[PDB]
Amino acid sequence: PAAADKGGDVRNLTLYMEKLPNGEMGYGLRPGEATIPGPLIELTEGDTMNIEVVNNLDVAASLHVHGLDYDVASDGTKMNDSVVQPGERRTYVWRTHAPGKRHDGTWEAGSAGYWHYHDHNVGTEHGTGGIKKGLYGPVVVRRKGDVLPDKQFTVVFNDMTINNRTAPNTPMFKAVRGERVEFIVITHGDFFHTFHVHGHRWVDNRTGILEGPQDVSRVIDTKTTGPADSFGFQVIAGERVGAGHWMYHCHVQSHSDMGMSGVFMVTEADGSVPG
Amino acid sequence: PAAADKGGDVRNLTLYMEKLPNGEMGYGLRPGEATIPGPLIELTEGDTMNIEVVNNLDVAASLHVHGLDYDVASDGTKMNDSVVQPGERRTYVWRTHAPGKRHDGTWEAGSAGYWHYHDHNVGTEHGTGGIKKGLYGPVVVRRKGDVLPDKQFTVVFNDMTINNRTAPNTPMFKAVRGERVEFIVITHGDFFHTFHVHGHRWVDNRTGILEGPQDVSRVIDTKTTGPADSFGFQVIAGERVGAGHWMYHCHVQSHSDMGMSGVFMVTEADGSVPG
Amino acid sequence: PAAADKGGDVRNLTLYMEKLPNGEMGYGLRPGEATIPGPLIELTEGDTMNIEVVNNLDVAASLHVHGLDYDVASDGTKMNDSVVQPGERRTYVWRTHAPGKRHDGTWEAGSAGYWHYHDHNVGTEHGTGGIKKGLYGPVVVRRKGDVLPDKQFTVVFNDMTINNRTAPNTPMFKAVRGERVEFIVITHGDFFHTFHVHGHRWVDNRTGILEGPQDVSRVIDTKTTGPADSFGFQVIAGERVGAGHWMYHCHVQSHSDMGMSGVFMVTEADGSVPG
Ligand SMILES: [Cu+2]
Ligand SMILES: [Cu+2]
Ligand SMILES: [Cu+2]
Ligand SMILES: [Cu+2]
Ligand SMILES: [Cu+2]
Ligand SMILES: [Cu+2]
Ligand SMILES: [Cu+2]
Ligand SMILES: [Cu+2]
Ligand SMILES: [Cu+2]
């Protein structure tokens with residue numbers, strides 16, 4: 001499979017904060033194309049992201065990132081004068097680094113991992129209104145050499161929803177058996193959830209992939225996750241289990257009974273699927 | 001101590017789903033011998049389990065397993081036509097594999113670990129009624145060479161109970177000091193808990209046992225656990241601390257005050273115990 | 001930086017359990033000097049702590065420790081006759097050990113890690129009243145060679161508070177950029193929280209510091225934590241991000257909106273701070 005190259009490229013992005021139908025709010029790559037979740041931002045350790053944020057909501061809003069290197073001017077908080085007025089723009093800057101030894105001989109871990117960005121100013125100074133209405137999105141930082149997937153699926157447990165949907169309206173994620181599928185799982189709001197996937201499992205380490213014979217991490221198919229936890233992993237879809245309608249859901253019983261579930265549909269190469 | 005041999009044996013089991021007193025429901029190895037939790041199923045990586053499930057309840061019920069390899073026909077869900085009608089039988093098939101390198105050079109983790117099985121169809125399509133009334137049990141998959149215990153104790157945090165009991169009616173687990181005791185800890189229902197044992201600790205890795213001088217995992221005596229989390233570990237009972245009445249309990253304060261506690265009784269070789 | 005020496009020293013401590021203003025209760029090193037949290041107790045693997053506990057409250061109270069080696073006589077519970085009457089004293093004894101191979105060839109993990117002590121008898125037999133009013137404190141056990149910090153900050157999520165404060169009255173932690181800052185994070189009471197720090201991150205292993213090129217643990221800046229979880233980590237303050245008002249807070253939205261937040265103030269060497 002394809003592996004990430006060395007990082008160290010300065011990359012420019014624009015995000016638009018747009019109103020969506022029914023009082024929702026989303027980040028978008030073009031005006032009028034906001035989605036919930038926001039677009040996935042992917043980079044490799046050592047890259048820099050210059051992200052111009054265009055605020056087309058009616059309230060001051062912001063952009064806050066987990067995991068990455070940013071100074072207080074990109075903190076995304078009113079407290080650090082880091083918000084965006086309606087109709088105005090602002091550039092937020094995310095740096096990353098790769099792991100390495102400090103002068104004093106101790107190791108600095110790298111930025112690589114599964115992270116996320118969200119609003120930190122709509123509703124409350126902690127972004128509670130903005131997050132509730134959909135202002136959140138995934139971030140993937142690769143380490144040089146990390147294995148790369150064919151499909152990326154984002155699951156955000158936001159209160160009692162997946163990606164602001166419940167019911168049967170939760171996203172279905174389609175893949176062909178044998179494809180390298182990468183899940184990114186972020187939680188938001190006021191509740192704790194357990195993420196679970198039928199028919200698949202992963203390693204509870206940085207990448208979700210076994211690192212080698214001396215990797216000692218738990219292999220799991222269920223993970224407790226609270227507001228602003230983020231993790232991710234990669235699976236071979238259908239490995240050892242075949243195609244089919246493979247449920248993903250929150251395993252808290254009343255939550256899944258209230259629609260915190262969807263389908264990971266693994267299909268044969270011709271599109272067929274048992275069911 | 002005794003270590004697990006190489007796996008790769010096809011093993012046949014029967015489980016009976018029986019009504020228990022007071023509206024409860026349990027899995028059993030013989031009719032009339034259902035227990036809460038259900039019998040512990042233990043196997044070694046590479047084994048296959050053929051489990052004929054006999055449904056002696058008055059409602060369609062099922063058998064769903066975490067961690068192991070199963071196709072959609074053993075998914076245990078109505079959605080995948082994998083339930084058992086009253087008075088009927090069905091065989092569910094669990095495979096396992098050991099870790100190994102794929103053709104594309106990346107590592108497939110093995111099935112080894114602490115897992116569980118439960119109903120996925122009584123009450124709701126997520127098995128909420130079945131789980132509430134006791135349809136759940138432990139699964140242990142060994143890696144070749146794993147150290148084996150002398151005693152196995154199962155603790156299921158099910159809502160505000162341990163193994164569907166509270167009060168002083170929670171299980172007491174007896175061992176002799178120096179015995180290798182293995183705990184299997186599963187959570188179910190609608191709440192998050194913290195498992196804790198007085199006088200003992202363990203490594204937060206696959207086996208709960210330190211793997212070697214380069215094992216880096218946290219050593220802990222408390223663990224947050226949500227619905228369908230499962231983990232396990234092994235301790236030398238009384239190691240560094242001696243015999244006694246050693247509390248295990250949920251460390252959420254209102255929970256332990258409402259009876260989410262029991263006793264790990266470590267005794268001298270002659271049966272004595274301080275207290 | 002300075003590294004912990006070999007342990008194996010017997011050390012004597014006295015703690016006073018005192019009433020504090022407004023119905024609170026705290027551990028103190030001198031009468032009249034109780035604090036919430038209680039004083040931080042630090043030791044190195046192999047050390048023994050003899051802690052005389054002086055009970056100056058009006059109710060029987062105790063001292064219970066996580067992680068360390070103690071027999072039932074220092075269990076801290078009424079059940080094991082391990083409480084302290086008003087106006088009376090008692091010595092509790094904590095042992096520790098370093099990792100090592102048992103006669104049967106399997107590894108015993110060491111005591112090193114981030115732990116805590118609290119009352120186990122005020123209010124309920126699980127110390128619910130004592131913990132609520134502030135009877136809790138940090139414990140750090142070093143492994144020989146562990147890197148040592150310049151500043152130690154303790155954050156206890158106790159119900160909907162930090163260190164029994166909310167509002168703007170939560171502790172501010174000051175450091176100079178480049179200082180080795182160590183956080184100790186303990187949770188208590190009835191709720192689950194997610195700890196998060198703006199501008200900083202850490203490794204989810206024993207020490208919170210990357211152990212080396214084969215360290216595989218997740219790098220994170222958010223952690224789910226439930227009652228009596230304890231973890232800790234070390235950061236270079238301002239590393240990659242500079243001085244400033246760096247929020248720490250619970251990331252559960254309603255919690256941070258209800259004041260579960262404070263400031264990690266990183267300043268330049270002359271005391272300046274952006275903001
Ligand atoms: Cu924040
Ligand atoms: Cu949930
Ligand atoms: Cu955040
Ligand atoms: Cu399910
Ligand atoms: Cu509990
Ligand atoms: Cu399940
Ligand atoms: Cu206790
Ligand atoms: Cu909180
Ligand atoms: Cu405790």
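Both ligands and their constituent atoms are indexed starting at 1 by order of listing. Just so it is clear: chains get the letters A, B, ... in the order the sequence lines come, proteins before strands, and each one is counted from 1.
- Among the backbone and side-chain atoms of C:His196, none of the N, O or S atoms lies under 2.8 Å from the Cu ion (ligand 3).
- Put simply, the residue from C:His118, C:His120, C:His66, C:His126 that forms a ring pair (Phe, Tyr, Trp, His ring centres under 6.0 Å) with B:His196 is C:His66.
- Taking the N/O/S atoms of B:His255 in turn, the shortest distance to the Cu ion (ligand 5) belongs to ND1.
- One finds the CG atom of C:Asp229 at 6.5 Å from the OG1 atom of C:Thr187 (value rounded to the nearest 0.5 Å).
- Here B:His120 contributes NE2 and A:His198 contributes NE2, and at the Cu ion (ligand 4) these two atoms make an angle of 110°, given to 10°.
- The Cu ion (ligand 4) has an N, O or S atom of A:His249 under 2.8 Å away, backbone or side chain.
- Salt bridge annotation for A:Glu24-A:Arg165: present, with a cationic side-chain nitrogen under 4.0 angstrom from a carboxylate oxygen.
- With a cut-off of 2.8 Å, the Cu ion (ligand 4) has no N, O or S atom of B:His64 in range.
- Taking a cutoff of 4.0 Å between a charged side-chain nitrogen and a carboxylate oxygen, B:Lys223 and B:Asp204 qualify as a salt bridge.
- Separation of the A:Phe157 and A:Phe191 ring centroids does not fall under the 6.0 Å cut-off.
- Heavy-atom minimum distance, A:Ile36 versus A:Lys133: CD1-O, 3.6 Å.
- B:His193 contributes atom ND1 as its closest N/O/S atom to the Cu ion (ligand 5).
- The Cu ion (ligand 4) does not have A:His251 among its coordinating residues (no N/O/S atom, backbone or side chain, under 2.8 Å).
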